[PDB]
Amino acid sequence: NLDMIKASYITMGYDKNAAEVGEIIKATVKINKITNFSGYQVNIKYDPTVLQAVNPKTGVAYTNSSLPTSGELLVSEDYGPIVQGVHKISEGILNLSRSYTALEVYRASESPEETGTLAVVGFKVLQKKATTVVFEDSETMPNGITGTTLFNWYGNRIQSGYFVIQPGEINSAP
């Protein structure tokens, strides 16, 4: 299962599938063909006993309020992006949101951002043990599509029409 694909989705990709205790894998949240996309909320589940959420480009441990590192999308300052992280690190739960707020300015450009990366998080290996990270619904995302909510530039929730592609195993027991 690889990308280069016509269907609309959101996924997570790894820069590597395998790593030693203490090494960091960068996990990138990214989307494909989301119509008039203007923001995301995602809820991420991982094994805290096995993986530690860190900054991907420094290595410093995330707190319950750490920000994701930015992607290619949602960084145009003219459209007023706001970003927030509300985590439960001891349960292995990250919840990240970033949206444009100046939607009228955005709509006026007639140039929607529909495909690209959204967010980069780091995962430092604490045990070289078989482990998976998932998008997963939360009690707090009543409307979450498998732990995801995406919006368009009218401020509407995208209610269907895309796939949530789970990222696949880390350090798989061969």
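Don't overthink the numbering: it's just position in the shown sequence, from 1.
- Comparing the deposited coordinates for 19-27 and 159-167, the stretch with the larger average C-alpha B-factor is 19-27.
- Remark: stretch with higher mean C-alpha B factor among 36-44 and 59-67 is 59-67.
- The residue among 131, 146, 115, 111 whose C-alpha atom has the highest B-factor in the PDB entry is 131.
- In the PDB entry, a CA B factor belonging to the middle third of its chain's modelled residues is recorded for residue 76.
- Among all modelled residues in this chain, the alpha-carbon of residue 141 has a temperature factor (C-alpha) in the highest third.
- Residue 120: CA B factor lies in the middle third for its chain, per the PDB record.
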